[PDB]
There are 2 protein chains.
Amino acid sequence: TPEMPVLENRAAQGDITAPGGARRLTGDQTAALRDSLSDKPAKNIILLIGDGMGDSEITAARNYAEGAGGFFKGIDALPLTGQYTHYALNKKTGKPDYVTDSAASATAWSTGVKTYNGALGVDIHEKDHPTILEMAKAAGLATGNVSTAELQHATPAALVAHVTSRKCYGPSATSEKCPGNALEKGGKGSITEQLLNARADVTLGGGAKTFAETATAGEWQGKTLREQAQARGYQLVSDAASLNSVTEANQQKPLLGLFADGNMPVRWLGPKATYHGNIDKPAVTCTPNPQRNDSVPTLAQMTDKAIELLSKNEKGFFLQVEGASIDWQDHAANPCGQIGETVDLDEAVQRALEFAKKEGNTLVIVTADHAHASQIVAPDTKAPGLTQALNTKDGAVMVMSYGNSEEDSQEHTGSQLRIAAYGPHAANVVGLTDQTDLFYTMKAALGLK
Amino acid sequence: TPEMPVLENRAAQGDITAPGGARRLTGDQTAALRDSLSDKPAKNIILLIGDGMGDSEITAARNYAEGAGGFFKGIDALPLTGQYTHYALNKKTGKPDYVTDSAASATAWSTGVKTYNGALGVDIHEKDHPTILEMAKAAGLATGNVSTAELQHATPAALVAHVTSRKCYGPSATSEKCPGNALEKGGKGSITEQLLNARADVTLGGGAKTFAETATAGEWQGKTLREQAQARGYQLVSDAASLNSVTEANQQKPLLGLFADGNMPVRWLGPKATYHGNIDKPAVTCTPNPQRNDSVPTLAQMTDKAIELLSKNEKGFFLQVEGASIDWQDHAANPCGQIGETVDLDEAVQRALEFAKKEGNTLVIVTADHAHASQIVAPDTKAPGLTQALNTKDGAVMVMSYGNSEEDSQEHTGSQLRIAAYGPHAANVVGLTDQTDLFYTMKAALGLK
Ligand SMILES: [Co+2]
Ligand SMILES: [Co+2]
Ligand SMILES: [Co+2]
Ligand SMILES: [Co+2]
Ligand SMILES: [Co+2]
Ligand SMILES: [Co+2]
């Protein structure tokens, strides 16, 4: 009977065409919300990020996978909610830049300082700031960094690398685009070199491609980054079997799961949206990606396994899980890809809430780094961008529009967006907050001195 | 100090380029939120609707008028927040229609039943359902209905009229489009005729034009609707000074303020966004509309006057206030008009919160009927639709994009959106809810049975 309740059912209660049939509430919530408030310490924190998962992305995925009156048992089940701002800074002027990229936003919640687009773990003066994961490890807590994206990708890379440009994946890119970060120039090195130095306990995702690179200097000069990883004691897994037979993860044998050369496989496939696609082409039903595999751990599986391995630390743990390709698919104007990745994240959120509700001292937060392009529009819409009609769980058509770029990729947008939480200190996400407040919220809930 | 706190400040606390400077919080919110939870009765309710005011609209307006790290002392200050769904229904199938218009959404929170786009006060079978305003009046509470739109517009009209199409403004359009509701055919009459019957204690807004039409039947056949109101005991006012002179409003002497022929004047002027407007043109600075006026009451003034007149009822009151032109200007791809109307709504929200914190038993809710088109995008965006660069309070450029219609009007979008509240029973807007839950939340808070 976990004192702090997870919402069990906020689907429409009945017949949506009848008075009250679309209500998601069965009665007053004052007592349940009083019950969801505690300022006791967070022993653990699990932060899940849906990259580019603004309210529009949440709504479109729900409409399609669960119906308009449906309910995500993970994403929609956190009882304390608010909206936060994620604007970045113009590097030269220090004024706001209203639409952040992935790097500046992830720098914001992981360091508590606003920065310029493309920066990771540094401010507009290129000065390094400690990340919540670096700080959690320093305090003796176990640390996890999970993502379906390549690990050099901004979201999980911000927790372990401090570079002046997110493009500095390896020695090569670094020496070129982050000259002062390049190892052979006295800096701390490429994103992957600093990730190896950071040494979290559990690091799972894709991005094996960069590890085939060789250090230009340093103790492991000439050796490949994977060679360097093997040499520094890391426990390297590459598939679901090898990951599941892992029984422990610590500093002596930190875990590095490289499940793909680049990003991990998307869950669902569909045609890309097109000009007047909702008018000129048939409504679409998403299809399961045949190449996604029971040999590749799902986000939910990587989450569960990271939780099992991190919860053995009695001091506690900090874990960040990213459903990364929601952003990727929204950029590609591919509704099916995008929605399937939201559905993927919801399964990981359910594993987190199921663990937190039993454990009792776990603060779980679900949010996104920034908003995105996709909009849900009327079925008859004639829009200038890319559109597509989808057959939803309701047996009705929903049309999605991508209308903010004539270029190859659709763009991020600056709208404030949902952040939701459950457990100790979850009140700190309610109302209007800033993305940097989340750093302070996590740091304080863990009591990191 | 009335135990329930209104947020005093959620702006960035310091230098946004420094660690912690972008924080909107100054410490833990658990105690603050516990103090914001009460399940005692709401003696009064003030519902403020920004038409089309989704999170994107709130953010764009805050970024322009208050700076990225600024704070809307009204809109951003409600402590309990959540996200609600506003889908309508397809009339024929009864399945969800993912993008509602203003009529079906206002019908949903005012009656508690989902309906089809364009319906007012009736369900998909065209059955009338009592509204929260009619129920309040039936229980002896005073009632107010305020809007900057013409009063026949969907948002205020849904509280007092039951017609099969929102276009049925007066006798002529009702005869043509809602034959079943036409007075000469045995129906309840046009929107304006039903509004005159509903007899709220205070009704203020635009829409004088339709009152020049004459009734086709009934006791006032052949007389204009304005002559009808006069003969029925209404006190008619048409400007700021006549409204100010009003001393009481009740069933014997109900107040009807008609301040414009159509919609009331927008607060700010600016050019319409254009194709590649952010590449091809210089940035826009909004400017006050000369056509505003000390002779035209502002939304904040109409809100205050309504509060003063309705609070003389010892049993309590229900008041809806609509900032209407946010929607009109978002459809017109006019950033300045759109933002100025959000600033306008923020002032009315402040008046409502100021009253509520002092009174202690008033539930204030602030939300929108549906989301809209506008998106905040990167300055160098090259988009297919209409865009505009704007000079914000920060001394930086923000670019807005309207990209969902090649047609003249930009359109509504289906994303769930913010709903926020303050006062008794405010917990009921937190987490995921449906727009129809708002009807039940209001009914229960006032203890209407
Ligand atoms: Co991102
Ligand atoms: Co990411
Ligand atoms: Co992106
Ligand atoms: Co509307
Ligand atoms: Co309206
Ligand atoms: Co509209």
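A, B, ... follow the sequence lines: proteins, then strands. Residue 1 opens every chain. The basis for the numbers below is simple: all heavy atoms, side chains too, and nothing from hydrogens, waters or symmetry mates.
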Under 3.5 Å: donor-acceptor pair, side chain of [X], backbone of [Y]:
X         : Y         : answer
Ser36(B)  : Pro79(B)  : no
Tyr98(B)  : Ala60(A)  : no
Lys114(A) : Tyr87(A)  : yes
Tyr440(A) : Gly20(B)  : yes
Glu359(B) : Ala356(B) : no
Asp437(A) : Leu25(B)  : yes
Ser415(A) : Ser56(B)  : yes
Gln435(B) : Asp369(B) : yes
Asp55(A)  : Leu417(B) : no
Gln320(A) : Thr155(A) : yes

Any side-chain heavy-atom pair from [X] and [Y] closer than 4.5 angstrom?
X         : Y         : result
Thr342(A) : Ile75(A)  : yes
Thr107(B) : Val113(B) : no
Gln83(A)  : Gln83(B)  : yes
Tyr422(A) : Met4(A)   : yes
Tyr84(A)  : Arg24(B)  : no
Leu310(A) : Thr143(A) : no
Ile49(B)  : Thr367(B) : yes
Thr81(A)  : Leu432(B) : no

Nearest 0.5 Å, what's the [atom1]-[atom2] distance between [X] and [Y]?
X         : Y         : atom1 : atom2 : value
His425(B) : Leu37(B)  : NE2   : CG    : 11.5 Å
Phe318(A) : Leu47(A)  : CZ    : CG    : 5.5 Å
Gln13(A)  : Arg23(A)  : CD    : CZ    : 5.5 Å
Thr362(B) : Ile307(B) : OG1   : CD1   : 8.0 Å
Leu7(B)   : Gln29(B)  : CG    : CD    : 7.0 Å
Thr303(A) : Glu308(A) : OG1   : CD    : 11.0 Å

Is the count of non-hydrogen atoms from other residues, nucleotides or ligands lying under 6.0 Å from [X] atom [atom1] greater than 12?
X         : atom1 : answer
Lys357(B) : NZ    : yes
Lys358(B) : NZ    : no
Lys73(B)  : NZ    : no
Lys312(B) : NZ    : no

Test log, rule side chain to side chain donor-acceptor pair (under 3.5 Å), inputs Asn44(B) and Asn361(B) = CA-CA 7 Å; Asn44(B) 311 309; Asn361(B) 301 284; over 6 Å; no

#### Entry: Qualifying residue for side chain to side chain contact (heavy atoms under 4.5 Å, CB included) with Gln416(B), from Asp434(B), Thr85(B), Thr433(B)
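Going through the options one by one, the only one that passes is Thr85(B).
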
Side chain to side chain contact (heavy atoms under 4.5 Å, CB included) with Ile46(B): which of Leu319(B), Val146(B), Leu363(B)?
->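 Testing each of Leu319(B), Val146(B), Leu363(B) against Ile46(B), the sole residue satisfying side chain to side chain contact (heavy atoms under 4.5 Å, CB included) is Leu319(B).
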
Handout entry: Salt bridge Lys137(B)-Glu134(B), side-chain N to carboxylate O under 4.0 Å
Key =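 No, this pair does not count.
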
Charged N to carboxylate O under 4.0 angstrom, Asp76(B) versus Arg62(B)?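 So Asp76(B) pairs with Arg62(B) through a salt bridge.
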
Minimum heavy-atom separation for [X] to [Y], with atom names?
X         : Y         : answer
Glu322(A) : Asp51(A)  : OE2-OD2, 3.1 Å
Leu345(B) : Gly50(B)  : CD2-CA, 3.6 Å
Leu353(A) : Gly74(A)  : CD1-O, 3.6 Å
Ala421(B) : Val429(B) : CB-CG2, 3.6 Å
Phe71(B)  : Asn9(B)   : CE2-CA, 3.8 Å
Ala368(B) : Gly54(B)  : CB-N, 4.3 Å

Subject >> Evaluation steps, side-chain contact (heavy atoms from CB on, under 4.5 Å), between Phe439(B) and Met135(B) >> reply: CA-CA 11 Å; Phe439(B) 169 80; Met135(B) 292 157 58; 3.5 Å; yes

| task | On the 0 to 90° scale, with breaks at 30° and 60°, tag the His370(A)-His86(A) ring pair as parallel, tilted or perpendicular. | result |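 Judged by the thresholds at 30° and 60°, the geometry between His370(A) and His86(A) is perpendicular.
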
Take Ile58(A) and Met53(A) through the side-chain contact (heavy atoms from CB on, under 4.5 Å) test and state the conclusion after the steps.
-> CA-CA 6 Å; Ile58(A) 293 172; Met53(A) 193 185 69; 3.7 Å; yes

